[PDB]
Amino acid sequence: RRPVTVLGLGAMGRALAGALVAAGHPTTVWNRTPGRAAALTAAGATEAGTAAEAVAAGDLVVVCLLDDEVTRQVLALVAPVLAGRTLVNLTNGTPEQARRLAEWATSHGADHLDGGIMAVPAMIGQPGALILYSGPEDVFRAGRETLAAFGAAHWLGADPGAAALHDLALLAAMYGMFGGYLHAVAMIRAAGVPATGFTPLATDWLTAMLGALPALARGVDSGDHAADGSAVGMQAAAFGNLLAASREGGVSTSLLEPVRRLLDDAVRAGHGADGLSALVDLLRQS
């Protein structure tokens, strides 16, 4: 029943607004370009003419704009009417951007919640769509039933930057997996072997390697970088054949070279007998 507002009508903002109206929430939408709210209006949404009007029509203000600069601009305009409202920043950004926006919102009499959307716009509203949230737990509690219209809502903690932090961290892990899988498929493809038949072996192997993550995490947190199984120095010695075989098949090594360098660095640093947990500190530029 809680009136909701969506600022930003891209693919994601439209998906968010559509899930809101389909869950029965009275939804008022706005965008810096007209005509984007046509199917929304038909389903029962109200299109406001100004962002300020949209904000004044919502107790929960969902923001899903292009980036934090756009967000900082549109919001500075609606700053006098934020008092008493809850700002839900779903705009992709950085943890520091989130924390600064949280301070600005509090200075203007508004509650603040940040969200990292882990689902594609087409999956918004379905079971399985995941959005991570961070901010004051009671702000999350009062908005949870409304956020559930988008899908799963996982609160991570009070830090306003925690949602974006875990979002982007998970993205890094995903890009690493996919990059390594894509390289493997290119190697397989170069030999004339179908990727379809290779995928089961890859999933079994990668699932097995997921079992090594708890041991890696313990070594990182404790500082004891004990080689669980393969030490970095052995893994560095075996990387050369991977690069050579990639060259044989005419496959670029660009995705793997930075991992090769990181392993060689740990060996040069005297960590050849340690496990992969010793590579985390090597990524520090401080």
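In this text, residue numbers run from 1 along the sequence as written.
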- Which has the higher mean CA temperature factor in the PDB entry, 271 to 279 or 20 to 28? 20 to 28
- Query: Looking only at CA atoms, which has the higher mean B factor in the entry: 215 to 223 or 43 to 51?
  - Reply: 43 to 51
- Message: According to the Cα B-factor stored in this entry, which of the following is highest: 255, 251, 66, 243?
- Response: 66
- Message: Checking the record values for 192, 127, 115, 135, which has the greatest CA B factor?
- Response: 127
- Task: Give the position of residue 109 by CA B-factor within its chain, expressed as the lowest, middle or highest third.
- Result: middle
- Task: Would you please rank residue 210 by its C-alpha temperature factor against the other modelled residues of its chain and give the third it falls in: lowest, middle or highest?
- Result: lowest
- Task: Sort the modelled residues of this chain by their C-alpha B factor and say whether residue 81 lands in the lowest, middle or highest third.
- Result: highest
- Item | Cα B factor band for residue 141 (lowest, middle or highest third within the chain) | lowest
- Please place residue 234 in the lowest, middle or highest third of its chain by C-alpha B factor as given in the entry. highest
